[PDB]
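Presented below is the structure to which this report refers.
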Amino acid sequence: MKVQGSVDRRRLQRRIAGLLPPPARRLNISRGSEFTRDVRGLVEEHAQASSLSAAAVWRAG
Amino acid sequence: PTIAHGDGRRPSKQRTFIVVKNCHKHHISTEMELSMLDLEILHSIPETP
């Protein structure tokens, strides 16, 4: 408190949090439940990555 | 249809044709260019006016 300081840890964290790579895309082939929970995501990500209408394509860009 | 004729020697057989139609396919393209300054200052976060 006694001094404000010259930088904001909040801003530094939030500005880095936008430069970390996207995680990997796993696919469990040992449990049916996880297998489906990942294939659902696979189809959602294809849609989001190839549908012109949305801006999410341009974001994944 | 067909007309039934008498003087014609053998009565004309009724007619049916098979017609096979094909569907053409046409593909369409456009190109839009976008700058990395936009694609970056978008991922960043605004804090000041």
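Which chain is which? The protein sequence lines are f and J, in order. In terms of the deposited numbering, the first sequence opens at residue 1 and continues consecutively. In terms of the deposited numbering, the second sequence opens at residue 100 and continues consecutively. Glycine is no exception: its CB is placed at the ideal position from the N, C-alpha and C atoms.
According to the DSSP assignment, f:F35 belongs to the alpha helix (DSSP H) that extends over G32 to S50. Looking from the CA of J:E139, the closest CA among f:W58, f:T36, f:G32 and f:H46 belongs to f:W58. Of all C-beta pairs linking the region 128 to 148 of chain J to the region 4 to 23 of chain f, three or more are shorter than 8 Å, placing the two stretches in contact.
Within the region 6 to 18 of chain f, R11, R14, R15 and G18 place their CB atoms closer than 8 Å to a CB of chain J, listed in sequence order. A Cβ-Cβ distance of about 7 Å is found for the pair f:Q48 and f:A54, placing them in contact under the 8 Å criterion.
Membership of J:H142 in the alpha helix (DSSP H) is indicated by the continuous run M135 to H142. Residues of chain f whose Cβ lies closer than 8 Å to the Cβ of J:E146 are, in chain order, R11. Taking the beta carbon of J:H142 as reference, the chain f residues within 9 Å of it are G18, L19 and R59, listed in sequence order.
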